[PDB]
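Beneath this line is the structure, given in structure tokens, with notes to follow.
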Amino acid sequence: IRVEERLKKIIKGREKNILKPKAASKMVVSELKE
Amino acid sequence: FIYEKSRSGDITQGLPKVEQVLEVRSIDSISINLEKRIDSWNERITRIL
């Protein structure tokens, strides 16, 4: 969340690491749960 | 003196009840139960799928 807070206000350094490393919804439809 | 009677079968109970449910001004037909379901769905749509 804090990464989003600083990314909104243009760019101010902070090249620490790849904190997000996530995929986009995987196009998966699991029936039951989880 | 105060006595409780015991009618309260329901407010309108004929043409006016049918008019009330058919004319959906506010969704309150069985919204003591239906509105709960509808709001639950509308808030729970965002899920894994």
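Where a number appears in this text, it was derived from the coordinates with a stated rule and is not lab data.
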* Structure fact -> Karplus ³J(HN,Hα) for the stretch B:41-48 (6.51 cos²θ - 1.76 cosθ + 1.60, θ = phi - 60°; Hz, whole; x = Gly/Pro) runs 4, 4, 8, 9, 4, 5, 8, 5
* Would you list which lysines come within 22 Å of B:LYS17, measuring only between C-alpha atoms, while excluding same-chain residues fewer than 8 positions from it? => B:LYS36
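Could you work out Rg/(2.2 N^0.38 Å) for chain B, with Rg from alpha carbons only? Provide the component values of the computation, followed by the final result.
Numbers: Rg = 17.1 Å, N = 49, 2.2 N^0.38 = 9.7 Å.
Cα-based Rg divided by the globular estimate yields 1.77.
Shape verdict for the protein assembly as shown, please, from the Cα gyration tensor: rounded (a/c under 1.5), prolate (a/b greater than b/c) or oblate. Each step should come with its number before you reach the end.
Working: a/c = 3.82, a/b = 2.81, b/c = 1.36.
Here the protein assembly as shown falls in the prolate category.
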* Could you name the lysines in cross-link range of A:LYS12, using Cα to Cα under 25 Å and dropping any fewer than eight places away on the same chain? -> A:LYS20, A:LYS22
* Step through the residues of the stretch B:15-22 one at a time and calculate ³J(HN,Hα) from phi using the Karplus curve (6.51 cos²θ - 1.76 cosθ + 1.60, θ = phi - 60°), rounding each to whole Hz and writing x for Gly and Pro. => 2, x, 5, 4, 4, 5, 6, 5
